[PDB]
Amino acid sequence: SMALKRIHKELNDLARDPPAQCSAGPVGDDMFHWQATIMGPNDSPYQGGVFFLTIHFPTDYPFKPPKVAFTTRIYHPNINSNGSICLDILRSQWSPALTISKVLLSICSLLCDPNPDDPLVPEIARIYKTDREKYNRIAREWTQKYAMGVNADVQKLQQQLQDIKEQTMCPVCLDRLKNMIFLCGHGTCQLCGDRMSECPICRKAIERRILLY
């Protein structure tokens, strides 16, 4: 299915282009259920901690966002005691062009820059807004408590094929070439583009779909 192909694609890109700190992959034979790992961002009060997350891909991913939750306790205004995450990318601001990699980076950014005006734990948002120093101390204490313990020419042809693909491939499936363009200047393949009403890159509504030949 489109969802399963896209999940395999993201897995291969994560393996050939690993993130330095984060990590994510299938737990067993179920490609639609992943485990992820995030290291506490170095300039944050979570530095030194390792946080696990569960990911669940819907059957019609990536047109629908994945379900992401923490399983490691963490002291944060936008993450509750069940590990739910309040992150726009995961609900309203989901785009079919985003990947698990980007989602993990956005979670690390959320850990660095909380949104206390949309809390999941009001008392933590209140501390963050009133006493940043105390918020940092407590977030560190919680981190310590729960989150610790003949070839040159082939390599030139491949680099050329790869940098042409990066600029011309559909951003939703990463599989076919963009043969359908919207008036906003962005495009997809026909297959992914017929399943959307707004552009996956700038989110403007699709006024018109012009097919390429």
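Throughout, we count residues from 1 along the sequence that is shown.
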For this session: Select one of none, 1 to 3, 4 to 9, or 10 or more to describe the deposited residues without coordinates separating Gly28 and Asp29.
Result: none
For this session: Could you check the entry and say whether 16-24 or 197-205 has the higher mean CA B-factor?
Result: 197-205
Problem set entry | Most elevated Cα B-factor in the entry, residues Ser92, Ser109, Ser101, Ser84 | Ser92
Seminar exercise, completed: Tertile call for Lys129 (CA temperature factor, within chain, third-based) is the middle
Seminar exercise, completed: Of the three thirds of Cα B-factor ranks in this chain, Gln160 occupies the highest
Problem set entry | For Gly149, the third of its chain into which the C-alpha B factor falls | highest
For this session: Grab the CA temperature factor for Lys67 from the record and place it in the lowest, middle or highest third of its chain.
Result: lowest
Exercise. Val172's Cα B-factor: lowest, middle or highest third of the chain?
Worked result: middle
